[PDB]
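Take a look at the structure below.
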Amino acid sequence: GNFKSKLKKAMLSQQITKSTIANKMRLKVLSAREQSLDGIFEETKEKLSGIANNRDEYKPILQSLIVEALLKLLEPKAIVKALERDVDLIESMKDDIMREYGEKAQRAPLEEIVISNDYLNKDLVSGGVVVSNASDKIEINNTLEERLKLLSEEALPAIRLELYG
Amino acid sequence: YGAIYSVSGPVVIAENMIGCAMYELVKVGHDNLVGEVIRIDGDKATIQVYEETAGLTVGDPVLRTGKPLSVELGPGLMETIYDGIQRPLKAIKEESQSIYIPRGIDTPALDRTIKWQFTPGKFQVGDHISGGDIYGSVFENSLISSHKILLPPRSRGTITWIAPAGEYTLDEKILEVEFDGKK
Amino acid sequence: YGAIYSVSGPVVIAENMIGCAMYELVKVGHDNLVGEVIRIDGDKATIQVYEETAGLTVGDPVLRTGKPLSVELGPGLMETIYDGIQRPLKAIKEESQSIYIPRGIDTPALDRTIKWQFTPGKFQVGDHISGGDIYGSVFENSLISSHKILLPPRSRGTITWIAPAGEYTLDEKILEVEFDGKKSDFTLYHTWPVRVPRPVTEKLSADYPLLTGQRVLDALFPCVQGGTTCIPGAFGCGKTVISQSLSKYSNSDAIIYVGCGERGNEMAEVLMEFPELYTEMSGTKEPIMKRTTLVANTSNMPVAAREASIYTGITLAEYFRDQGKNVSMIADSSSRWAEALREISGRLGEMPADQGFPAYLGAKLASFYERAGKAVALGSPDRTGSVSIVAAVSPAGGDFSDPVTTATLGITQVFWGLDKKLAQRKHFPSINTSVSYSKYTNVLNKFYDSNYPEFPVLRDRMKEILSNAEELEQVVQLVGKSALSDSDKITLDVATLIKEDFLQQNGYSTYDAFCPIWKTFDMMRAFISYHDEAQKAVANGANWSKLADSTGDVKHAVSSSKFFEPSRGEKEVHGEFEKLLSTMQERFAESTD
Amino acid sequence: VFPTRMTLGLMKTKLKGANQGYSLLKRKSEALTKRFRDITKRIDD
Amino acid sequence: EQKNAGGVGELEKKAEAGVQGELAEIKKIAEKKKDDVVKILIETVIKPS
Amino acid sequence: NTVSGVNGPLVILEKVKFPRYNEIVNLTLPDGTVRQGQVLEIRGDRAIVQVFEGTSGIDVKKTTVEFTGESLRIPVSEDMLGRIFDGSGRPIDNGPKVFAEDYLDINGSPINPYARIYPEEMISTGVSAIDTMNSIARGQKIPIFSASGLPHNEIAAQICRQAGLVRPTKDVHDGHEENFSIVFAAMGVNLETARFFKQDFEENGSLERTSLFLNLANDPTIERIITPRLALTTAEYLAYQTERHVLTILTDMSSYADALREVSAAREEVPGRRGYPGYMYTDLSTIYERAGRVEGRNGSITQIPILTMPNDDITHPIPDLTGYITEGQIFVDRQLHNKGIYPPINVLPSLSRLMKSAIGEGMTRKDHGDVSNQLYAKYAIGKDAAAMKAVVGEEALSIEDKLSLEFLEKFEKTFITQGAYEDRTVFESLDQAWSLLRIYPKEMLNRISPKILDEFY
Amino acid sequence: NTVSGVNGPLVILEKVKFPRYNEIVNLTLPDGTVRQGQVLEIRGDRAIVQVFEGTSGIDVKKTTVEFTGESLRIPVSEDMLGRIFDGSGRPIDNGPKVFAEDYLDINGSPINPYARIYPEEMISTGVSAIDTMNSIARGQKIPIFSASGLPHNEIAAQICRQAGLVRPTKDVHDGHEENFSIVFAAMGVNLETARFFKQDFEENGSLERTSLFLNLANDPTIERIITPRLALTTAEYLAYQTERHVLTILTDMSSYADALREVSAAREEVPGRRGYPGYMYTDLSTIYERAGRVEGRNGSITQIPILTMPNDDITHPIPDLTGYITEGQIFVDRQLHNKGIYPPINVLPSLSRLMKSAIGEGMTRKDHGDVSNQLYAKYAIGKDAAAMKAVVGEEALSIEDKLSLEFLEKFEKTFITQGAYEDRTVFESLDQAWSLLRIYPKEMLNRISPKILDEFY
């Protein structure tokens, strides 16, 4: 009776090691996959800083980030938070950002760009901008880090299939 | 046509209706989900939308089909599997590569690439015609002519154009009726 | 700040409540009533005010304090009775001269004069610390000095200051924690939101049986520490007697007694009875009281308090759980809490859709339940603490088809019946195997196998005797008796014995103050042995009547078992029952031939 | 007149009591009349 | 039971060796195709998303 | 200020934002009479009031309000006994108003100095079927559940007549030592029966000891609900200040329940299950709150609420909720009444769950709780045996059951039956219990420990 | 960025109308706690949001909102398995990232490719009572209607855990050439129960054959209904693209139904009978649409939903609607659990309506169908015999009834009863059946062709 019972018991403990082998294999494989993914993304943001810190190359990129946000804002004044070197950059192409929104939307040119006195850290993001409503009802968070994070959702299947599919 | 004001649960409410009747079939948003107008309060219409509205937004167009929820009775009705609003299941199985019809995908109520050989009935140019009279027939069975083409009810007049025997598309015309100008 | 918009019942609405949340502690009116913003409708906030209105006018200010409504858990919780909003009832008796809470009168959540002996933790200066780690301990009673002072759930940092051993107040700071800049200074009391489940190191599956002290509760389906239980009531079947009786008889390190929305007489009874009676843990100088922290709400007090009751109560079990104390929480009755919920549903004007009962009702019942269970105590030194929730369920309309019961059975894994017909006949608590289940059973009988007993074998046979009796009784009622098999008669007879000795017991068993597992097993073991010998005896040939007449002496002896108390054999194993088995065997010998 | 709010539960069990009785009692009746017939022919002879 | 007194610790020999080569092919093809996947991520982020 | 509107009997005042909550306002109507109303709710630039006298007469622009500035409170005297009042405490006999020595709140939420000592000493109502089975303790509130098809008003009456004649029986028992006083509140009860209540007090000689508040159905709904609150508050003053044993008899709860129900038909507050308010429980609980031993623990207030089931079932909202707040119940039944029994009391669903603990041997006996337990089990079997007896025949009967059938009738017609004027000793009650039990052997007993039995049987 | 209000679970956020339906939104708190929710309704400058974690405690000005731009979909993958998830599909294992290969809708349909070809080919659960007597072939949806009086979770686990150990045995007989996967969905669950399922699987070595999704009962109701929806979508992808036969175990449909009844508290949508929706049909259907043969048809998605009667009422709205849609039902009764039989499936009213349609050979035998008829009919007769025995006695009973009795006890105690860790393959079950039936002669066996009957008695 007990031979058979203690025997069933250890045959069950035997398949818990199969289950720990199968879980530990699959945990290692997958955690090596995650580590590669965070080196693809890590390299994206080391290149992005490199682009952002060269201001003249960056100038069109900044314009289109703000303009992308304005198409989803659709308010008559927009409040823009930028980096220290990028509030000056915006200022000197105020005319080109509101021009370019009026030619790329139906909505009539933004009447004002409000240059913020609250600034973003290099400690949070690599750059980019926070475009928000005037009364601060809605924010289109169009920062470089926020954008890469959002990108990751759609890029993840593309990359998973190419590498490991 | 209309613009969506609100979407609350499965129900979509849409403003700028100056001509939605309360039996009308409408395609709501850009996803073209099937919907039909239950109630109208003011310029706002109440539509129950029967097909999943996840993806649907407010400010999106509401385009009328221009007629109520109806079925098309045409030829090619035999050896087909349909839905109750009538859309060929069979054509979706081939095309979508999915047995059932998923959200946002729609097809005409019968196949429309099909052509049929129409033979005339007992009418001729300039003769008076009435509802239920046999204007021609189509075979579908080798036992019977399943689709007798009848003049539409709510239609009568004098026939300005009779097409002869020959093969025609469903889209293509064969009859014109004059009944207070071209009917 | 806010200006009162409308006062409808004890519900106050106030406009101009911005930068406010939905659990905020607020002072309501010019009367400064304690209150909480349950919900908000735009600018207009709907606030449940926990003291009554009788003279609060519109347009008086509403001042938000800048933090949620929480409860205070510190030292001195034991040997004192509080309410469900948790203001000391006792302090209220002297100062206001009103035994129960007076209107417009406010008193803070714990006593602010009481001094406690602080002894240092296992931390020193410059040490990294975390939540539920033991920063000290306070000698709180004489039975227990097990009251560990912890760093709160959701706190970490480095301890800037450790004060040395000595006498302090519980307002007099002894600890500074620095996380990123000064986190706050700490004291002996700590605050916890009554709307959140208290953090835990991990939850662990229940596998350690608590003995209820009631032979019947252990016998059919054993209780576990860490579990969930329903006990049916009916509000006139002595449900109170068994609740209070269980509380005394069950043995845990701390016990929390939560009167949800009670008679006021019943609550009064427990307050009186417990220092008069003794513990089985050798408690002295108000024995039981020293072990209990008591939450007292009557139904006649405000409905807000009574909402708040269960939540405060669960947080108290949970606080002690993190210290590594095993807790029995007896909450009585959960149906009265639901009746308070139906009240809130109609006073705010929220939709009821649970059979004329709240929208939220099914989920709130589950949320309370999930906070109970067995766990590895909060903080890293690793202890075992547990909470077993015994929640009484009773009618709120129908017999079991009321919302409350339907929801509770879904979520409970232990259910112990109580039949009304047997209650009126005096045979309570009556556990019916059809109206009872335990899902913990399989891990529990294997636990008792390790402990010594053959327990799993006895369970199956106990079930079989009760089970066939119900079906044979239905043939008896309709057809009658003119015949009923030799075997079938035996089952009926023995099932009567089980009723009388086990199921009936509540001031009828002279020993019942705590009954060991071994003794229960030994008693049931005699019943089952009598059964198998008897059925074999009719089949190998011997009349049913000769068999009754010869068993004779032993049959009475098992009938009388219930009065007997451990006094022979061991301290848990009883010789009269061991003697009984062998004599039984001799009776069978006389009876077959 | 009988209770309106959740009588359903008791009243269902009344039906189950009744039902069990028809089948069982009919089996019992069936068997007694089957015997009765056997005796009839014996007694007559 | 002696093969259950040897069957533990043997879990990790088989868990490591069993993916010893999978974990090398994961890091190998990642360094290769890294700039070419990064360059696609770069375009999406720096032009409207 | 002035009436904006009236919605149902509820009157919608439009007014400026100043009043107290539950503040009395006086409405000046053009007809030579001014009336008082209480703000039921105060809201944003309007208040909804139900006016305490009448229900008609309010006008749009011909009304004036002036705020009294004081919320309703009951002015209390302990000299209020020996006076006849209505539902507002106004005199009907001209002359005896409530008057005051102190002013106390109508809700009794400010004082609430209810003792944390559980019902203690014995109380009887002189009816054997009550006393023995569901034994009354001071401060215990146990409901009288009745049904219509009954002389349910006669049962209430009987208890009112009997209350205070019991008290010398109790002095002797040493479950009373101090004065007994009656506080009597009437809600929606017939004219004839109101004269029966006055007459029962008169006979007893306790007219001086009692206060009568009389409220009919042609007096408003809001005013009906206030009446027991006035009564209750006065009882609390009697119990607390002068350490008296106060019995308030509060009839009819059903009338009280309807009144609550008629309102909320224009309140924002919405009605729950079976159209009853969900805070009906809350309303019952305010009434019920003044009941229990007072602090001084030489006084108490014992409360007897009278409920007639209007539908007859016990799962109807009115009884179902009450039974929960109280500790047990007492069932009167139609069936006994039909045979020709008085007072017809069925005991089978009747149980009081705090009965054993209160009582002890010093004013009862130790067997009082055991002898009661035996009589329920035997009565229960007798009742099932009767039902089976009809259907199948005498085929399902057994020896115990035949004995139980006789027991049922024996008990019903000797034990429960007694005259209106009759009153009963508890010790007497217990010898009659034993007597009925003498027809069964002792081996068949089991709800009594064999020690106890041997002494008294 | 400005919370307007909270009315129960339903949260009103006031921000513009530019979001779409079921777009995830983020409530940013000054507590540093980001909670995601999904918009239920969008209206002009407000949306109504149900937050997955919590539902209250958000400030009305110290909060901001951000819109994700993505409607809720499940990242689905074949490397996702063998891992423990929450009710949103997010690891609690402490494992790596979810991983994606596709993003599939969980709204009710991903691509809906449910065939117009009817069930054949046996799927084995490893429980004798279900497999032989009620044959389930793939694509069929047969529920287990159980009760709270049974241990519903433990039986559910048993079906999973013994399932997929049937499969090497099937591969040899050549029933399955492709693999077997289990998707297990647990709802509103108790903590002990969540852990229990993982431990059972670990023991059998079925862990990496299955994915377990646990939603706990302290987690809000909206998450709970989302849980099976996530599970069902994952399964449709494994079944279509890599062709596998999948058995989906969904417990508890009663908790899902409650959630649906529960949401509505500011909606203008009214429920039907017993408080449960009029549209309760619609919601059931939703789970039901993902179940059937997939396109290509060697893979399938096979569904067994588990429904717990809370009060043993088969006229309770939940089972009735379901029962009409489903292809038969399995009834599990309290009575057998009480005798101590485990599992306690009484096969007395249980039915599979496409019983013949499932069996064949190579995973069944030919003789399967005939036997199913002998055992059901004999068993029913066995129950009837037990009642008759009690009456007549043992020494006055019939031969035919005596046989039927003997069968009842063996049938229960051998066929239905099996151990916790004992797998019952269909081939194994059929042999045990012939031993039981042997006791009857060939003369009393006749719903069996003489061909079979001669092979095996």
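Identifiers in the structure tokens: chain A, B, ... in order shown; residue index from 1 per chain; ligand index from 1 in order shown.
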
By least-squares superposition of chain F on chain G, using all C-alpha atoms in order, what RMSD in Å to one decimal is obtained? 2.2 Å

Where in region 53-188 of chain G does DSSP assign strand (DSSP E), given as a count of residues only? 31

To one decimal in Å, tell me the separation between CA of residue 50 (chain F) and CA of residue 1 (chain F).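 Answer for the CA of residue 50 (chain F) to CA of residue 1 (chain F) separation: 14.7 Å.
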
Please, which residues of region 30-96 of chain B, numbered as in this document, come out alpha helix (DSSP H) from DSSP, as number ranges by chain? B: 89-95

Take the residues from that selection and put them in a file with N, CA, C and O atoms, as an mmCIF file, in the first residue's frame.
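Heads up, here's the output in again-v9.cif:
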```cif
data_model
loop_
_atom_site.group_PDB
_atom_site.id
_atom_site.type_symbol
_atom_site.label_atom_id
_atom_site.label_comp_id
_atom_site.auth_asym_id
_atom_site.auth_seq_id
_atom_site.Cartn_x
_atom_site.Cartn_y
_atom_site.Cartn_z
ATOM 1 N N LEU B 89 -22.102 34.718 -46.786
ATOM 2 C CA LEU B 89 -21.129 34.162 -45.934
ATOM 3 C C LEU B 89 -20.056 33.623 -46.822
ATOM 4 O O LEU B 89 -18.883 33.720 -46.479
ATOM 5 N N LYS B 90 -20.479 32.955 -47.906
ATOM 6 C CA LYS B 90 -19.556 32.130 -48.734
ATOM 7 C C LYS B 90 -18.436 33.047 -49.295
ATOM 8 O O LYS B 90 -17.297 32.662 -49.170
ATOM 9 N N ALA B 91 -18.805 34.256 -49.759
ATOM 10 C CA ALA B 91 -17.861 35.207 -50.386
ATOM 11 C C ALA B 91 -16.895 35.693 -49.326
ATOM 12 O O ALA B 91 -15.696 35.775 -49.593
ATOM 13 N N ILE B 92 -17.270 35.870 -48.046
ATOM 14 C CA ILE B 92 -16.385 36.200 -46.994
ATOM 15 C C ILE B 92 -15.417 35.097 -46.671
ATOM 16 O O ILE B 92 -14.234 35.386 -46.426
ATOM 17 N N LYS B 93 -15.803 33.815 -46.718
ATOM 18 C CA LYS B 93 -14.916 32.667 -46.460
ATOM 19 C C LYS B 93 -13.680 32.652 -47.400
ATOM 20 O O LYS B 93 -12.564 32.461 -46.921
ATOM 21 N N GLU B 94 -13.877 32.942 -48.699
ATOM 22 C CA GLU B 94 -12.876 32.998 -49.769
ATOM 23 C C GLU B 94 -11.916 34.165 -49.605
ATOM 24 O O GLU B 94 -10.706 34.051 -49.724
ATOM 25 N N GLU B 95 -12.556 35.397 -49.438
ATOM 26 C CA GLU B 95 -11.909 36.654 -49.594
ATOM 27 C C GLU B 95 -11.102 37.013 -48.323
ATOM 28 O O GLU B 95 -9.885 37.201 -48.402
#
```

Please tabulate, as JSON lines, the residues of region 87-162 of chain F that come within 12 Å of region 232-244 of chain C, each with its closest pair of atoms and the distance in Å to one decimal, counting only C-alpha atoms and ordering rows by chain, then residue number upward.
```
{"residue": "F:134", "atom": "CA", "partner": "C:236", "partner_atom": "CA", "distance": 10.3}
{"residue": "F:142", "atom": "CA", "partner": "C:236", "partner_atom": "CA", "distance": 10.3}
{"residue": "F:143", "atom": "CA", "partner": "C:236", "partner_atom": "CA", "distance": 11.8}
```

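Distances from G:140, G:227, G:7, G:398 to residue 22 (chain C) were compared using only C-alpha atoms, and the smallest one belongs to G:7.
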
Extract, using only C-alpha atoms, all DNA, RNA and protein residues at most 12 Å from residue 36 (chain E), discarding same-chain residues fewer than 3 positions from it, and format them as a compact mmCIF listing (two decimals) with C-alpha atoms, in the first residue's frame.
```
# COMPACT_ATOMS: atom_id res chain seq x y z
CA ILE A 40 18.46 47.98 -29.26
CA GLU A 43 21.49 52.44 -28.55
CA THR A 44 18.42 54.41 -30.03
CA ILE A 159 11.48 42.73 -34.28
CA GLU A 162 12.54 38.90 -37.66
CA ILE E 29 22.38 38.03 -34.09
CA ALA E 30 21.56 40.98 -31.83
CA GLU E 31 24.90 42.69 -32.33
CA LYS E 32 24.64 42.12 -36.07
CA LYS E 33 21.25 43.48 -36.99
CA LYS E 39 18.02 53.04 -37.80
CA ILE E 40 14.31 52.10 -38.42
CA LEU E 41 13.40 53.11 -34.81
CA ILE E 42 15.33 56.39 -35.40
CA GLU E 43 13.12 57.31 -38.43
```

If we count only C-alpha atoms and set the cut-off at 6 Å, which residues sit around region 423-433 of chain F, ignoring sequence neighbours fewer than 2 positions away in its own chain? Please answer as an NGL selection string. :F and (126 or 435-436)

Residue list for chain E near chain A as a ChimeraX atom specification, 7 Å, only C-alpha atoms: /E:4,11,15,19,22-23,26-27,30,34,38,42,45-48

Let me see the file: selected residues, C-alpha atoms, as a PDB file, in the first residue's frame.
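The resulting out.pdb:
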```pdb
ATOM      1  CA  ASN E   4      15.525  11.677  -6.433  1.00  0.00           C
ATOM      2  CA  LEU E  11      18.210  20.328 -12.891  1.00  0.00           C
ATOM      3  CA  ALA E  15      18.892  23.811 -17.695  1.00  0.00           C
ATOM      4  CA  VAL E  19      20.200  26.615 -23.675  1.00  0.00           C
ATOM      5  CA  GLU E  22      20.486  29.345 -27.505  1.00  0.00           C
ATOM      6  CA  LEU E  23      21.850  32.072 -25.251  1.00  0.00           C
ATOM      7  CA  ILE E  26      20.569  35.396 -29.073  1.00  0.00           C
ATOM      8  CA  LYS E  27      23.532  37.725 -28.322  1.00  0.00           C
ATOM      9  CA  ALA E  30      21.561  40.980 -31.834  1.00  0.00           C
ATOM     10  CA  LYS E  34      21.369  46.126 -34.153  1.00  0.00           C
ATOM     11  CA  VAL E  38      17.902  50.995 -34.598  1.00  0.00           C
ATOM     12  CA  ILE E  42      15.334  56.394 -35.395  1.00  0.00           C
ATOM     13  CA  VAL E  45      10.649  58.737 -33.738  1.00  0.00           C
ATOM     14  CA  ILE E  46      12.270  61.731 -35.494  1.00  0.00           C
ATOM     15  CA  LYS E  47       9.582  62.190 -38.238  1.00  0.00           C
ATOM     16  CA  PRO E  48       5.825  62.124 -37.061  1.00  0.00           C
TER      17      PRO E  48
END
```

Once you count only C-alpha atoms, what closest atom pair and distance in Å to one decimal does each residue of chain D within 8 Å of chain C have, with rows by chain and rising residue number, as a tab-separated table?
```
residue	atom	partner	partner_atom	distance
D:5	CA	C:398	CA	6.4
D:6	CA	C:398	CA	5.1
D:7	CA	C:398	CA	7.8
D:17	CA	C:474	CA	7.3
D:21	CA	C:478	CA	6.4
D:25	CA	C:479	CA	7.2
```

Between G:300, G:277, G:388, G:24, which is the closest to residue 30 (chain D) once you count only C-alpha atoms?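 Nearest candidate to residue 30 (chain D) out of G:300, G:277, G:388, G:24: G:388.
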
For residue 83 (chain C), work out the shell of residues within 8 Å, counting only C-alpha atoms and skipping chain neighbours fewer than 4 positions away, then give it as a PDB file with C-alpha atoms, in the first residue's frame.
```pdb
ATOM      1  CA  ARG C  87     -12.590  56.587  19.255  1.00  0.00           C
ATOM      2  CA  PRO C  88     -12.280  55.142  22.745  1.00  0.00           C
ATOM      3  CA  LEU C  89     -15.646  54.295  24.188  1.00  0.00           C
ATOM      4  CA  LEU C 294     -12.853  45.107  20.476  1.00  0.00           C
ATOM      5  CA  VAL C 295     -14.814  47.051  17.871  1.00  0.00           C
ATOM      6  CA  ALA C 296     -18.258  47.862  19.035  1.00  0.00           C
ATOM      7  CA  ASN C 297     -21.008  49.234  16.689  1.00  0.00           C
ATOM      8  CA  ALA C 305     -19.493  54.036  11.415  1.00  0.00           C
ATOM      9  CA  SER C 309     -16.569  48.822  11.073  1.00  0.00           C
TER      10      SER C 309
END
```

Please identify every residue of chain F that has at least one atom no farther than 12 Å from an atom of chain D, counting only C-alpha atoms, and for each give the shortest atom pair and the distance in Å to one decimal, arranged by chain then increasing number, as a Markdown table.
```
| residue | atom | partner | partner_atom | distance |
| --- | --- | --- | --- | --- |
| F:147 | CA | D:1 | CA | 12.0 |
| F:273 | CA | D:5 | CA | 10.9 |
| F:274 | CA | D:5 | CA | 9.9 |
| F:309 | CA | D:3 | CA | 11.3 |
| F:310 | CA | D:1 | CA | 11.9 |
| F:311 | CA | D:1 | CA | 8.4 |
| F:312 | CA | D:1 | CA | 7.8 |
| F:313 | CA | D:3 | CA | 4.8 |
| F:314 | CA | D:3 | CA | 7.1 |
| F:315 | CA | D:5 | CA | 5.8 |
| F:316 | CA | D:5 | CA | 6.9 |
| F:317 | CA | D:5 | CA | 9.1 |
| F:320 | CA | D:5 | CA | 10.3 |
| F:334 | CA | D:1 | CA | 11.9 |
| F:391 | CA | D:18 | CA | 10.8 |
| F:392 | CA | D:21 | CA | 10.6 |
```
